[PDB]
Amino acid sequence: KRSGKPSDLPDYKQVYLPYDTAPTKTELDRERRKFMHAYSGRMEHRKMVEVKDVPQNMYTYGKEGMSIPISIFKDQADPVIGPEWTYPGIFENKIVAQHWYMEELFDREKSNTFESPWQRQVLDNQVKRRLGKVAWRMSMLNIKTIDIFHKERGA
Amino acid sequence: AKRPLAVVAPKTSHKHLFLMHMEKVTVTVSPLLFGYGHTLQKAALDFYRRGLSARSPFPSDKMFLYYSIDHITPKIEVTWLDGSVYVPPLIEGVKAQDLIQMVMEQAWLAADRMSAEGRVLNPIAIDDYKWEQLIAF
Amino acid sequence: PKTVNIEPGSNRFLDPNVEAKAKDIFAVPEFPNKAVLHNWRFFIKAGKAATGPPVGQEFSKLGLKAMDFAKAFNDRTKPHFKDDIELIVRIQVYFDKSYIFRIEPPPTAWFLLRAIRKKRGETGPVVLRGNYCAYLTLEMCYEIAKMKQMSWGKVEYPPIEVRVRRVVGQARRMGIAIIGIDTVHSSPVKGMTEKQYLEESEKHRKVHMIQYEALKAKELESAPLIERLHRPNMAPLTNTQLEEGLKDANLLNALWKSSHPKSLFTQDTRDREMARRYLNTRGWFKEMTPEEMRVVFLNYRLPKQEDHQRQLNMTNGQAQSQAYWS
Amino acid sequence: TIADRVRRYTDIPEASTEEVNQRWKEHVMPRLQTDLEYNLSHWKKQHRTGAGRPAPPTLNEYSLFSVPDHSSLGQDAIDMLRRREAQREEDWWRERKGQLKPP
Amino acid sequence: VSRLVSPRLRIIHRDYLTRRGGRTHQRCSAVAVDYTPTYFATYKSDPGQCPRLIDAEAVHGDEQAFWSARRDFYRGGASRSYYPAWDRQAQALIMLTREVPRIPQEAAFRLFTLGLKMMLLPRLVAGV
């Protein structure tokens, strides 16, 4: 949809650097050279793919002291980013937040070997959805008969 | 009464406890009485929720809860414009849609008796009995 | 150079300045217990609300001169706002035609395209588009998540970390590959070795837990009393007990009493042993003395601090001390 | 058989609400102020000040009415029974896909 | 012997012939103990001037928010069911049976009744 999209896109205004030792040019494109790829899909169906619009320097990118242009209010500029351990659960989310195939999660539960104590919570919220996709799948059939893939598909 | 009362009464199911002609619907219970599971304590208190529901067009400020003490079985008392109070008998096994049906069904009889004594009656907004409606498709 | 605040995760809220006027406009004019007729939703700019088809029409379907609301809107939204901040209005029309509307921060999809500088059509899920779009890092989502609080009366009803996994997933669903995950290496730093980077996370990532738990436990001590009630876990019951325990409820009763954590009312040997004599006839749990049940038949939804608290009640002077006073 | 198949519906709520009557008449009844008619009249006064004292109950005061609750018990037994049926898909499609592997 | 010796409580019985089973005409009984019509005058006043009955607004404000309250510690959505009536009384029964503050002001006369025997015994003794 067109509405609900930003028209003016402010640019990353670096507030203060996160380091005293300049990351010399030589290594910049030596580590960014590693980021132009990012995995996708988490199982045997692991798919290392490409990322368009790669930023140029990631020592400075987001780790600290850069601004993000979600400028909303009148007196609130592009907020600065505090260091990592200043945000709650970040290196804990790194374990939890990701595309989780249930194939990859139920072997972790039936072996009770969770990398994280919240993957027990990203599991329920994932099954509690798929049950809802059924309790809605059926509270509709109490109206009519809805038949999957019975209408034409494609062009 | 200025004339013999009605004979035939409309017979339809009432979803919501709209103020047909009542003036105050009080619901007395005694929380000293207790019970797990479907009892009369539960059947009358959901009738409070089902009346206070954001769905029923009942004026929420006209329903009065009343915690009693002396082991008063849950009473539901409705008062009509003429002031004649009416307690729907809480037969065991009853629940919300019965009481919302009892008081609303009796609401047409009682509003009829008020219209017999000579009380002028008002226009009612809701028409629980579909009369100006036809099923369309 | 200058780290603004060195604390293990104390930046979970907006500045009290911006958080002051955060809820001055994002407030819910309380539900009048009326019967809603229409729950409309719009995108509207900072204060550029018109009487046109976007707003004035749906009122005019109902005969309301929405030339007024737009002003009552701009009576609250014209100041306070950076230019061109498309807000969401939740107009709610009651059976008396009297509306009540909550203004809300922009949709996080609007936030996400800003924080990455991409216009409409540039972003997409990889399975439709084939490429991860603009990068991000978890450090950024934590600030999109600060202006997105479901209960703008209770700014952190969902704790912030829980809120981020939401905005992260919405991002990934748009192609926004953030760096901390999705990639072989996290954000490279000129500070220290990857090990001297990982050894500084293994402490931080766990210091947060005693921070995150305490905030999860302080929440449960003010939660509905029914919430802190006992709900035994069902992971132990195997799916034939779990089914043979649904035909007759007696088993799911005697279970509850059998594994209720100790309280001033459940220190009845015969009451606890009456259940324990019911299960044995049913061939249910027989080799698990009461203790190893409570540690497995506990409400798993308790914050570790609180499960540990209920588990050791007999040690806590017994609950024989805490009773309904009078 | 009549009084049986209805006992599916009431004895358990009775086996409960006959244990509370025991708990009530044993622990709270002794320390219960019997002058309620004066006590209630005190809150009808505290309400005519508006700044009265409606106090919220606490867990220890409330755990008297802690009971086997089939609102939750019967529910999460199904869900846990179900997230085993949801568990036997990824473990099924892993088994079927495991039949294409040679011996 | 009055059944419920509380004389204001009056037991009323009402047996009805209601349509059960769709066609039948069964016997349903609505038994109840309710207050004697004596105790109906001071109650059809809205302040509940009749004691033994407390306007629920007293024990807490806005039952419009206390009974209409829906479970939501984290049960938001379709599972935000109303609260079960069995505790929704308890959180109101426990509020009824709280400590009301017996003040020492009443205790003085009761204390003036505590030293009743010990000092009235020598009164008639020393008054001959």
# chains A, B, ... in the order shown; residues from 1 in each chain; ligands from 1
>>> select_by_dssp(residues="stretch 3-251 of chain C", states="alpha helix (DSSP H)", output="number ranges by chain")
C: 16-20, 56-60, 69-77, 108-116, 126-129, 138-144, 160-172, 194-198, 201-221, 241-247, 250-251
>>> write_last_selection(atoms="C-alpha atoms", output="tab-separated table (two decimals), in the first residue's frame")
chain	number	residue	atom	x	y	z
C	16	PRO	CA	11.33	11.10	30.39
C	17	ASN	CA	11.11	14.31	28.36
C	18	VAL	CA	9.86	12.63	25.19
C	19	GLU	CA	8.12	9.99	27.34
C	20	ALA	CA	6.30	12.86	29.05
C	56	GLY	CA	-14.89	13.03	5.66
C	57	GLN	CA	-16.44	10.34	3.49
C	58	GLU	CA	-16.94	7.57	6.04
C	59	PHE	CA	-18.50	10.13	8.36
C	60	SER	CA	-20.65	11.36	5.48
C	69	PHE	CA	-13.17	16.05	13.85
C	70	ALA	CA	-10.22	17.08	11.69
C	71	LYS	CA	-10.08	20.23	13.79
C	72	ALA	CA	-10.47	18.31	17.05
C	73	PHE	CA	-7.69	16.13	15.68
C	74	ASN	CA	-5.52	19.15	14.92
C	75	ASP	CA	-6.43	20.45	18.37
C	76	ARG	CA	-4.13	17.66	19.58
C	77	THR	CA	-1.80	16.71	16.72
C	108	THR	CA	6.30	0.16	12.63
C	109	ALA	CA	6.46	-0.59	8.91
C	110	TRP	CA	6.67	3.17	8.46
C	111	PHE	CA	9.42	3.25	11.09
C	112	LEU	CA	11.32	0.40	9.45
C	113	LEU	CA	11.49	2.03	6.03
C	114	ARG	CA	12.74	5.25	7.62
C	115	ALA	CA	15.46	3.62	9.73
C	116	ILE	CA	16.77	1.93	6.56
C	126	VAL	CA	13.35	-12.68	-0.17
C	127	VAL	CA	11.00	-15.39	-1.43
C	128	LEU	CA	9.18	-12.74	-3.46
C	129	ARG	CA	12.19	-10.59	-4.25
C	138	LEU	CA	19.42	-5.20	16.82
C	139	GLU	CA	20.65	-1.92	18.29
C	140	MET	CA	18.24	-0.15	15.95
C	141	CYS	CA	15.13	-2.28	16.45
C	142	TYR	CA	15.37	-1.52	20.17
C	143	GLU	CA	14.52	2.08	19.33
C	144	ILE	CA	11.79	1.36	16.84
C	160	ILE	CA	10.94	-4.23	25.70
C	161	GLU	CA	12.96	-7.36	24.81
C	162	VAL	CA	9.68	-9.20	24.07
C	163	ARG	CA	8.54	-6.21	21.97
C	164	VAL	CA	11.73	-6.37	19.84
C	165	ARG	CA	11.35	-9.99	18.72
C	166	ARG	CA	8.10	-8.69	17.30
C	167	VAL	CA	9.61	-5.81	15.30
C	168	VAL	CA	12.52	-8.04	14.32
C	169	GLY	CA	10.18	-10.63	12.85
C	170	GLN	CA	8.18	-7.98	11.04
C	171	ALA	CA	11.49	-6.76	9.67
C	172	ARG	CA	12.72	-10.16	8.47
C	194	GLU	CA	35.99	-11.77	18.92
C	195	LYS	CA	36.66	-13.86	22.04
C	196	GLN	CA	37.22	-10.71	24.10
C	197	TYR	CA	33.96	-9.72	22.44
C	198	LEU	CA	32.19	-12.99	23.21
C	201	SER	CA	28.69	-10.95	26.10
C	202	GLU	CA	28.53	-14.11	28.22
C	203	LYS	CA	28.53	-11.84	31.26
C	204	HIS	CA	26.18	-9.21	29.85
C	205	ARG	CA	23.73	-11.70	28.35
C	206	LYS	CA	23.27	-13.28	31.77
C	207	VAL	CA	23.32	-10.14	33.90
C	208	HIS	CA	20.27	-9.18	31.86
C	209	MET	CA	18.46	-12.30	33.08
C	210	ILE	CA	18.44	-11.28	36.74
C	211	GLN	CA	17.42	-7.90	35.36
C	212	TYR	CA	14.81	-9.35	33.03
C	213	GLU	CA	13.47	-11.88	35.53
C	214	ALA	CA	13.08	-9.33	38.33
C	215	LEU	CA	11.10	-7.15	35.93
C	216	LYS	CA	9.13	-10.26	34.94
C	217	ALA	CA	8.54	-11.14	38.59
C	218	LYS	CA	7.69	-7.63	39.78
C	219	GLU	CA	5.05	-7.79	36.99
C	220	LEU	CA	3.54	-11.02	38.36
C	221	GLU	CA	3.33	-9.70	41.90
C	241	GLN	CA	-2.57	-40.46	30.37
C	242	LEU	CA	-3.29	-37.02	28.91
C	243	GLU	CA	-6.28	-38.58	27.13
C	244	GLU	CA	-7.35	-41.11	29.74
C	245	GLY	CA	-7.09	-38.12	32.07
C	246	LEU	CA	-9.67	-36.20	30.05
C	247	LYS	CA	-12.46	-38.78	30.02
C	250	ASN	CA	-11.10	-37.22	38.76
C	251	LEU	CA	-7.52	-37.82	37.66
>>> residues_around(residues="residue B:75", least_positions_apart="2", cutoff="8 Å", atoms="only C-alpha atoms", output="JSON, numbers by chain")
{"B": [27, 28, 29, 44, 72, 73, 77, 87, 90], "E": [34]}
>>> write_last_selection(atoms="N, CA, C and O atoms", output="compact mmCIF listing (two decimals), in the first residue's frame")
# COMPACT_ATOMS: atom_id res chain seq x y z
N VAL B 27 -29.70 -6.62 41.17
CA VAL B 27 -29.31 -8.02 41.24
C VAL B 27 -28.62 -8.22 42.58
O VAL B 27 -27.47 -7.80 42.76
N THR B 28 -29.31 -8.85 43.51
CA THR B 28 -28.80 -9.05 44.86
C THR B 28 -28.23 -10.46 44.98
O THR B 28 -28.86 -11.43 44.56
N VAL B 29 -27.03 -10.56 45.55
CA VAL B 29 -26.43 -11.85 45.90
C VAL B 29 -25.86 -11.73 47.30
O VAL B 29 -25.77 -10.64 47.86
N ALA B 44 -26.69 -15.85 38.12
CA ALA B 44 -27.17 -14.49 38.34
C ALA B 44 -26.07 -13.46 38.14
O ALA B 44 -26.34 -12.33 37.73
N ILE B 72 -28.91 -14.83 51.40
CA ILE B 72 -29.96 -14.55 50.43
C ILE B 72 -29.61 -15.23 49.12
O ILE B 72 -28.58 -14.93 48.51
N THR B 73 -30.45 -16.17 48.70
CA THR B 73 -30.27 -16.75 47.38
C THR B 73 -30.25 -15.63 46.34
O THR B 73 -30.94 -14.62 46.50
N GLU B 77 -34.20 -8.51 40.69
CA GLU B 77 -35.40 -7.71 40.91
C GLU B 77 -35.44 -6.62 39.86
O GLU B 77 -34.52 -5.81 39.76
N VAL B 87 -39.57 -10.54 40.35
CA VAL B 87 -38.42 -11.41 40.54
C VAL B 87 -38.59 -12.62 39.62
O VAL B 87 -39.44 -13.48 39.89
N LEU B 90 -35.54 -18.07 39.83
CA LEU B 90 -34.28 -18.69 39.42
C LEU B 90 -34.38 -20.19 39.65
O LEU B 90 -33.95 -20.73 40.67
N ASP E 34 -35.54 -15.71 50.78
CA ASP E 34 -35.45 -14.29 50.50
C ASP E 34 -35.99 -13.54 51.71
O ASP E 34 -36.62 -14.13 52.59
>>> select_by_dssp(residues="stretch 1-235 of chain C", states="strand (DSSP E)", output="PDB file with N, CA, C and O atoms, in the first residue's frame")
ATOM      1  N   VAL C  36     -20.140  -0.238  20.223  1.00  0.00           N
ATOM      2  CA  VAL C  36     -19.479   0.326  19.057  1.00  0.00           C
ATOM      3  C   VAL C  36     -20.212  -0.090  17.797  1.00  0.00           C
ATOM      4  O   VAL C  36     -20.713  -1.214  17.686  1.00  0.00           O
ATOM      5  N   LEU C  37     -20.305   0.831  16.843  1.00  0.00           N
ATOM      6  CA  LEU C  37     -20.842   0.534  15.525  1.00  0.00           C
ATOM      7  C   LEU C  37     -19.776   0.372  14.466  1.00  0.00           C
ATOM      8  O   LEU C  37     -19.921  -0.470  13.583  1.00  0.00           O
ATOM      9  N   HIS C  38     -18.713   1.159  14.537  1.00  0.00           N
ATOM     10  CA  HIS C  38     -17.656   1.104  13.547  1.00  0.00           C
ATOM     11  C   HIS C  38     -16.341   1.362  14.253  1.00  0.00           C
ATOM     12  O   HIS C  38     -16.251   2.277  15.072  1.00  0.00           O
ATOM     13  N   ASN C  39     -15.335   0.557  13.952  1.00  0.00           N
ATOM     14  CA  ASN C  39     -13.984   0.750  14.464  1.00  0.00           C
ATOM     15  C   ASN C  39     -13.101   1.055  13.265  1.00  0.00           C
ATOM     16  O   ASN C  39     -12.472   0.160  12.702  1.00  0.00           O
ATOM     17  N   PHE C  42      -7.267   4.837  10.209  1.00  0.00           N
ATOM     18  CA  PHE C  42      -6.736   5.654   9.134  1.00  0.00           C
ATOM     19  C   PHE C  42      -5.252   5.874   9.330  1.00  0.00           C
ATOM     20  O   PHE C  42      -4.725   5.739  10.434  1.00  0.00           O
ATOM     21  N   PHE C  43      -4.586   6.213   8.242  1.00  0.00           N
ATOM     22  CA  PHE C  43      -3.302   6.884   8.298  1.00  0.00           C
ATOM     23  C   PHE C  43      -3.590   8.354   8.057  1.00  0.00           C
ATOM     24  O   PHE C  43      -4.303   8.697   7.111  1.00  0.00           O
ATOM     25  N   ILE C  44      -3.084   9.215   8.923  1.00  0.00           N
ATOM     26  CA  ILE C  44      -3.219  10.650   8.738  1.00  0.00           C
ATOM     27  C   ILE C  44      -1.890  11.299   9.075  1.00  0.00           C
ATOM     28  O   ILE C  44      -1.181  10.849   9.981  1.00  0.00           O
ATOM     29  N   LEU C  87       0.448   9.371  11.335  1.00  0.00           N
ATOM     30  CA  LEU C  87      -0.063   8.690  12.509  1.00  0.00           C
ATOM     31  C   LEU C  87      -1.235   7.806  12.119  1.00  0.00           C
ATOM     32  O   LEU C  87      -1.826   7.958  11.049  1.00  0.00           O
ATOM     33  N   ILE C  88      -1.575   6.885  13.010  1.00  0.00           N
ATOM     34  CA  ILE C  88      -2.764   6.063  12.862  1.00  0.00           C
ATOM     35  C   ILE C  88      -3.813   6.563  13.842  1.00  0.00           C
ATOM     36  O   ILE C  88      -3.519   6.783  15.021  1.00  0.00           O
ATOM     37  N   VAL C  89      -5.024   6.761  13.347  1.00  0.00           N
ATOM     38  CA  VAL C  89      -6.153   7.198  14.150  1.00  0.00           C
ATOM     39  C   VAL C  89      -7.090   6.011  14.277  1.00  0.00           C
ATOM     40  O   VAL C  89      -7.461   5.398  13.270  1.00  0.00           O
ATOM     41  N   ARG C  90      -7.460   5.665  15.501  1.00  0.00           N
ATOM     42  CA  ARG C  90      -8.405   4.582  15.745  1.00  0.00           C
ATOM     43  C   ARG C  90      -9.746   5.196  16.110  1.00  0.00           C
ATOM     44  O   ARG C  90     -10.096   5.291  17.286  1.00  0.00           O
ATOM     45  N   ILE C  91     -10.504   5.595  15.110  1.00  0.00           N
ATOM     46  CA  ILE C  91     -11.817   6.173  15.339  1.00  0.00           C
ATOM     47  C   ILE C  91     -12.785   5.059  15.682  1.00  0.00           C
ATOM     48  O   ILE C  91     -12.788   4.007  15.034  1.00  0.00           O
ATOM     49  N   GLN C  92     -13.602   5.284  16.705  1.00  0.00           N
ATOM     50  CA  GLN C  92     -14.530   4.293  17.223  1.00  0.00           C
ATOM     51  C   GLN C  92     -15.893   4.943  17.380  1.00  0.00           C
ATOM     52  O   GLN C  92     -16.047   5.863  18.184  1.00  0.00           O
ATOM     53  N   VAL C  93     -16.873   4.477  16.616  1.00  0.00           N
ATOM     54  CA  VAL C  93     -18.182   5.115  16.535  1.00  0.00           C
ATOM     55  C   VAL C  93     -19.184   4.280  17.314  1.00  0.00           C
ATOM     56  O   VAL C  93     -19.343   3.084  17.053  1.00  0.00           O
ATOM     57  N   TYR C  94     -19.870   4.913  18.256  1.00  0.00           N
ATOM     58  CA  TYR C  94     -20.830   4.243  19.114  1.00  0.00           C
ATOM     59  C   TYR C  94     -22.247   4.393  18.576  1.00  0.00           C
ATOM     60  O   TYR C  94     -22.507   5.158  17.650  1.00  0.00           O
ATOM     61  N   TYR C  99     -18.161   9.605  18.446  1.00  0.00           N
ATOM     62  CA  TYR C  99     -16.903   8.916  18.228  1.00  0.00           C
ATOM     63  C   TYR C  99     -15.970   9.131  19.410  1.00  0.00           C
ATOM     64  O   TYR C  99     -16.172  10.017  20.240  1.00  0.00           O
ATOM     65  N   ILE C 100     -14.926   8.311  19.458  1.00  0.00           N
ATOM     66  CA  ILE C 100     -13.827   8.436  20.408  1.00  0.00           C
ATOM     67  C   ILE C 100     -12.579   7.874  19.748  1.00  0.00           C
ATOM     68  O   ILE C 100     -12.562   6.712  19.337  1.00  0.00           O
ATOM     69  N   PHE C 101     -11.528   8.675  19.637  1.00  0.00           N
ATOM     70  CA  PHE C 101     -10.401   8.279  18.809  1.00  0.00           C
ATOM     71  C   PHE C 101      -9.089   8.377  19.566  1.00  0.00           C
ATOM     72  O   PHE C 101      -8.830   9.362  20.260  1.00  0.00           O
ATOM     73  N   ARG C 102      -8.270   7.340  19.418  1.00  0.00           N
ATOM     74  CA  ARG C 102      -6.909   7.306  19.929  1.00  0.00           C
ATOM     75  C   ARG C 102      -5.943   7.547  18.786  1.00  0.00           C
ATOM     76  O   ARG C 102      -5.962   6.826  17.787  1.00  0.00           O
ATOM     77  N   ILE C 103      -5.102   8.537  18.935  1.00  0.00           N
ATOM     78  CA  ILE C 103      -4.011   8.743  17.998  1.00  0.00           C
ATOM     79  C   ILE C 103      -2.880   7.822  18.408  1.00  0.00           C
ATOM     80  O   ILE C 103      -2.666   7.586  19.600  1.00  0.00           O
ATOM     81  N   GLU C 104      -2.161   7.282  17.436  1.00  0.00           N
ATOM     82  CA  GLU C 104      -1.168   6.275  17.753  1.00  0.00           C
ATOM     83  C   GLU C 104       0.103   6.527  16.962  1.00  0.00           C
ATOM     84  O   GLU C 104       0.054   7.112  15.876  1.00  0.00           O
TER      85      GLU C 104
END
>>> closest_residue(among="D:100, D:78, D:59, D:73", to="chain E", atoms="only C-alpha atoms")
D:59
>>> interface_residues(of="chain B", to="chain E", cutoff="8 Å", atoms="only C-alpha atoms", output="list in words")
residues 31, 32, 34, 35, 36, 37, 42, 45, 46, 48, 49, 52, 53, 60, 64, 65, 66, 67, 68, 69, 70, 71, 72, 73, 75, 89, 90, 91 and 92 of chain B
>>> write_last_selection(atoms="N, CA and C atoms", output="mmCIF file, in the first residue's frame")
data_model
loop_
_atom_site.group_PDB
_atom_site.id
_atom_site.type_symbol
_atom_site.label_atom_id
_atom_site.label_comp_id
_atom_site.auth_asym_id
_atom_site.auth_seq_id
_atom_site.Cartn_x
_atom_site.Cartn_y
_atom_site.Cartn_z
ATOM 1 N N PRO B 31 -22.326 -12.948 48.714
ATOM 2 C CA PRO B 31 -21.069 -13.671 48.497
ATOM 3 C C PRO B 31 -20.689 -14.571 49.648
ATOM 4 N N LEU B 32 -21.370 -14.472 50.791
ATOM 5 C CA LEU B 32 -21.172 -15.449 51.855
ATOM 6 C C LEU B 32 -21.564 -16.839 51.390
ATOM 7 N N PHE B 34 -21.445 -19.617 48.576
ATOM 8 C CA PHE B 34 -20.362 -19.904 47.658
ATOM 9 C C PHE B 34 -20.720 -21.109 46.813
ATOM 10 N N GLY B 35 -20.015 -21.248 45.702
ATOM 11 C CA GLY B 35 -20.199 -22.408 44.866
ATOM 12 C C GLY B 35 -19.276 -22.418 43.676
ATOM 13 N N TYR B 36 -18.631 -23.546 43.440
ATOM 14 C CA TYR B 36 -17.907 -23.749 42.202
ATOM 15 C C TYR B 36 -18.820 -24.421 41.191
ATOM 16 N N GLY B 37 -18.634 -24.076 39.931
ATOM 17 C CA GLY B 37 -19.460 -24.639 38.888
ATOM 18 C C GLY B 37 -20.779 -23.910 38.742
ATOM 19 N N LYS B 42 -23.618 -18.313 40.051
ATOM 20 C CA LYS B 42 -22.985 -18.005 38.778
ATOM 21 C C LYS B 42 -23.994 -17.544 37.742
ATOM 22 N N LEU B 45 -24.824 -13.823 38.417
ATOM 23 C CA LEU B 45 -23.754 -12.839 38.342
ATOM 24 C C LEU B 45 -23.293 -12.607 36.914
ATOM 25 N N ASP B 46 -23.336 -13.629 36.060
ATOM 26 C CA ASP B 46 -23.072 -13.382 34.648
ATOM 27 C C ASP B 46 -24.178 -12.547 34.028
ATOM 28 N N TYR B 48 -25.432 -10.171 35.495
ATOM 29 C CA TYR B 48 -24.918 -8.834 35.737
ATOM 30 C C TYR B 48 -23.910 -8.442 34.664
ATOM 31 N N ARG B 49 -22.933 -9.311 34.400
ATOM 32 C CA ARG B 49 -21.990 -9.056 33.317
ATOM 33 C C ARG B 49 -22.708 -8.986 31.980
ATOM 34 N N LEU B 52 -24.397 -5.706 31.977
ATOM 35 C CA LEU B 52 -23.384 -4.664 31.882
ATOM 36 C C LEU B 52 -22.506 -4.811 30.656
ATOM 37 N N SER B 53 -22.764 -5.810 29.825
ATOM 38 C CA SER B 53 -21.942 -6.024 28.651
ATOM 39 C C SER B 53 -21.974 -4.800 27.748
ATOM 40 N N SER B 60 -26.005 0.966 31.364
ATOM 41 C CA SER B 60 -25.145 0.352 32.361
ATOM 42 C C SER B 60 -25.283 1.007 33.726
ATOM 43 N N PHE B 64 -27.995 -2.321 39.327
ATOM 44 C CA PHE B 64 -27.454 -2.162 40.672
ATOM 45 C C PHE B 64 -27.133 -3.528 41.254
ATOM 46 N N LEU B 65 -25.866 -3.755 41.568
ATOM 47 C CA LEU B 65 -25.476 -4.948 42.295
ATOM 48 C C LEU B 65 -25.666 -4.707 43.781
ATOM 49 N N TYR B 66 -25.876 -5.786 44.527
ATOM 50 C CA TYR B 66 -26.169 -5.653 45.952
ATOM 51 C C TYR B 66 -25.675 -6.911 46.661
ATOM 52 N N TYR B 67 -24.481 -6.826 47.227
ATOM 53 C CA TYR B 67 -23.981 -7.910 48.056
ATOM 54 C C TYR B 67 -24.803 -7.980 49.328
ATOM 55 N N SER B 68 -25.423 -9.121 49.577
ATOM 56 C CA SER B 68 -26.161 -9.328 50.809
ATOM 57 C C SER B 68 -25.284 -10.061 51.812
ATOM 58 N N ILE B 69 -25.870 -10.382 52.958
ATOM 59 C CA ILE B 69 -25.188 -11.112 54.015
ATOM 60 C C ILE B 69 -25.945 -12.374 54.400
ATOM 61 N N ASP B 70 -27.222 -12.242 54.732
ATOM 62 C CA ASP B 70 -27.927 -13.348 55.363
ATOM 63 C C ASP B 70 -28.318 -14.435 54.377
ATOM 64 N N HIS B 71 -27.337 -15.032 53.702
ATOM 65 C CA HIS B 71 -27.546 -16.195 52.837
ATOM 66 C C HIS B 71 -28.774 -16.028 51.950
ATOM 67 N N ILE B 72 -28.912 -14.833 51.399
ATOM 68 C CA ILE B 72 -29.960 -14.546 50.432
ATOM 69 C C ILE B 72 -29.609 -15.233 49.121
ATOM 70 N N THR B 73 -30.445 -16.171 48.700
ATOM 71 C CA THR B 73 -30.275 -16.748 47.380
ATOM 72 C C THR B 73 -30.249 -15.634 46.340
ATOM 73 N N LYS B 75 -31.018 -12.981 44.097
ATOM 74 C CA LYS B 75 -32.268 -12.379 43.678
ATOM 75 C C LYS B 75 -32.024 -11.476 42.488
ATOM 76 N N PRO B 89 -38.203 -16.103 38.761
ATOM 77 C CA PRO B 89 -37.805 -17.266 39.555
ATOM 78 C C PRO B 89 -36.575 -17.948 38.998
ATOM 79 N N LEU B 90 -35.542 -18.072 39.827
ATOM 80 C CA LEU B 90 -34.283 -18.685 39.418
ATOM 81 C C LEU B 90 -34.382 -20.187 39.650
ATOM 82 N N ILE B 91 -34.989 -20.871 38.681
ATOM 83 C CA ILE B 91 -35.059 -22.322 38.733
ATOM 84 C C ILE B 91 -33.668 -22.888 38.510
ATOM 85 N N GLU B 92 -33.372 -24.012 39.151
ATOM 86 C CA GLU B 92 -32.024 -24.552 39.060
ATOM 87 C C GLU B 92 -31.724 -24.996 37.638
#
>>> atom_distance(atom1="atom CA of residue A:51", atom2="atom CA of residue A:35")
8.1 Å
>>> residues_around(residues="residue B:3", least_positions_apart="4", cutoff="12 Å", atoms="only C-alpha atoms", output="PyMOL selection string")
chain B and resi 7+112-118
>>> write_last_selection(atoms="N, CA and C atoms", output="compact mmCIF listing (two decimals), in the first residue's frame")
# COMPACT_ATOMS: atom_id res chain seq x y z
N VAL B 7 -54.43 -11.15 25.81
CA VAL B 7 -54.59 -12.58 25.67
C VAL B 7 -53.39 -13.22 25.00
N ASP B 112 -47.62 -4.26 29.30
CA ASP B 112 -49.03 -4.31 28.94
C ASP B 112 -49.91 -3.97 30.13
N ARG B 113 -49.57 -4.48 31.31
CA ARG B 113 -50.38 -4.17 32.49
C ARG B 113 -50.28 -2.69 32.84
N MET B 114 -49.10 -2.10 32.67
CA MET B 114 -48.98 -0.66 32.85
C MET B 114 -49.82 0.08 31.83
N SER B 115 -49.86 -0.42 30.59
CA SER B 115 -50.72 0.18 29.58
C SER B 115 -52.19 -0.13 29.81
N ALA B 116 -52.52 -1.02 30.74
CA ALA B 116 -53.91 -1.26 31.06
C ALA B 116 -54.40 -0.35 32.18
N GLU B 117 -53.59 -0.16 33.22
CA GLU B 117 -53.98 0.71 34.32
C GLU B 117 -54.24 2.13 33.83
N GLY B 118 -53.61 2.52 32.73
CA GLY B 118 -53.73 3.87 32.22
C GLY B 118 -52.42 4.60 32.10
>>> residues_around(residues="residue B:86", least_positions_apart="3", cutoff="12 Å", atoms="only C-alpha atoms", output="PyMOL selection string")
chain B and resi 22-27+75-83+89-90+99+102-104+106-107+109-111
>>> interface_residues(of="chain B", to="chain C", cutoff="10 Å", atoms="only C-alpha atoms", output="MDAnalysis selection string")
chainID B and resid 52:61
>>> closest_atom_pairs(of="chain E", to="chain A", cutoff="12 Å", atoms="only C-alpha atoms", output="Markdown table")
| residue | atom | partner | partner_atom | distance |
| --- | --- | --- | --- | --- |
| E:74 | CA | A:125 | CA | 11.9 |
| E:75 | CA | A:128 | CA | 11.8 |
| E:77 | CA | A:132 | CA | 11.2 |
| E:78 | CA | A:132 | CA | 10.0 |
| E:79 | CA | A:132 | CA | 11.1 |
>>> atom_distance(atom1="atom CA of residue A:6", atom2="atom CA of residue A:76")
17.6 Å
>>> interface_residues(of="chain D", to="chain E", cutoff="7 Å", atoms="only C-alpha atoms", output="VMD selection string")
chain D and resid 37 39 to 40 43 to 44 47 54 to 57
>>> atom_distance(atom1="atom CA of residue C:252", atom2="atom CA of residue C:318")
25.7 Å
>>> interface_residues(of="chain C", to="chain D", cutoff="9 Å", atoms="only C-alpha atoms", output="JSON, numbers by chain")
{"C": [225, 228, 229, 230, 231, 232, 233, 234, 235, 237, 238, 239, 242, 243, 245, 246, 248, 249, 250, 252, 253, 254, 255, 256, 257, 263, 264, 265, 319, 322, 323, 324, 325, 326]}
>>> interface_residues(of="chain C", to="chain E", cutoff="8 Å", atoms="only C-alpha atoms", output="ChimeraX atom specification")
/C:223-224,226-227,326
